[PDB]
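Quick notes on the structure that follows.
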Amino acid sequence: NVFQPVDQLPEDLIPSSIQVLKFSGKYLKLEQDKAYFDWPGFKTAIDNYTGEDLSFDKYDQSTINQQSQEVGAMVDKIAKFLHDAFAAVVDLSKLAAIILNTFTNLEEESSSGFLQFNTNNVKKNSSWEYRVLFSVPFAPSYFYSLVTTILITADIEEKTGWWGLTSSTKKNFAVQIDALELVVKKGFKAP
């Protein structure tokens, strides 16, 4: 999948959540053998959505300049931003665990369709975009879907330099967080 699905939904809503994943996947842009989420395109599609089973709640973003810090500290900042803004959808502890485990297990998850690695030859650094979609219960025919992307950049030159990171590993890390909250109704189908 283009986004890693993370959800606590009853069976009757799973089909609709799958449609939300399908919907989001149409905005993945592949160029130069690299796949990145197309936020402008997706936001416009939501703005111009003439349906009746999908509603736009809010969209939050944060760009944090490079700071020398431990992986764990960085994950906590990401979790704080999302938890502060979407407390009804995310549990602080669990969210932090999910992000931390992803970035400390990149070697195994590298080939996943929801992660994209890249290097900047000039600056000699590198980055990973992590795409995750959280869905939780809102009638019980509604649920929240939080379309999320986390781009972490670090002063690591090669892809292999990301293997075996631990919560204590310190690097000059920068982060870009994007999260769009949707209210979806059972029966929703990707346009």
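Heads up, the Cβs are rebuilt from the backbone with ideal geometry, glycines too, and the neighbour counts pull from every protein chain shown. A short reminder: the numbers here are calculations on the coordinates, not readings from a lab.
Brief remarks on what is shown
- All strands (runs of 3 or more DSSP E) inside region 93-184 with 3 or more residues being β-branched (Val, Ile, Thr), touching a helix residue (DSSP H, G or I) at 6+ places or on another chain (Cβ under 8 Å) and on the phi < 0 side of the Ramachandran plot: 142-154
- Candidate set from region 30-57 (those that are part of a strand (DSSP E or B) and of a type outside the set (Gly, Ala, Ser)); member that is nearest to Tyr142 (Cα to Cα): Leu54
- Within region 23-57, the set of residues being under 12 Å from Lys189 (Cα atoms) and either exposed (fewer than 15 other Cβ atoms within 10 Å of the Cβ) or in contact with a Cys (Cβ under 6 Å, 6 or more places away or on another chain) (or both) comprises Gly51, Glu52.
- Those residues of region 93-123 which are of a type in the set (A, V, I, L, M, F, W, C) and buried (at least 17 other Cβ atoms within 10 Å of the Cβ), in sequence order: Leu95, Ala96, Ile98, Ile99, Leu100, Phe103, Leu106, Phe114, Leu115
- Qualifying residue in region 135-143 (condition: surrounded by 20 or more Cβ atoms within 10 Å (Cβ to Cβ) and either of a type outside the set (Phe, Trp, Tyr) or in contact with a strand residue (DSSP E or B) (Cβ under 9 Å, 6 or more places away or on another chain) (or both)): yes
- If you go through region 58-92 and pick out every residue that is in a loop (DSSP other than H, G, I, E, B) and either of a type in the set (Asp, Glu) or surrounded by fewer than 17 Cβ atoms within 10 Å (Cβ to Cβ) (or both), you end up with 3.
- Region 1-27 residues that are on the phi < 0 side of the Ramachandran plot, paired with ones that are among the aromatic types (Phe, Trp, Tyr) and surrounded by fewer than 18 Cβ atoms within 10 Å (Cβ to Cβ) (beta carbon under 8 Å, 6 or more apart): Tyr27/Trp39
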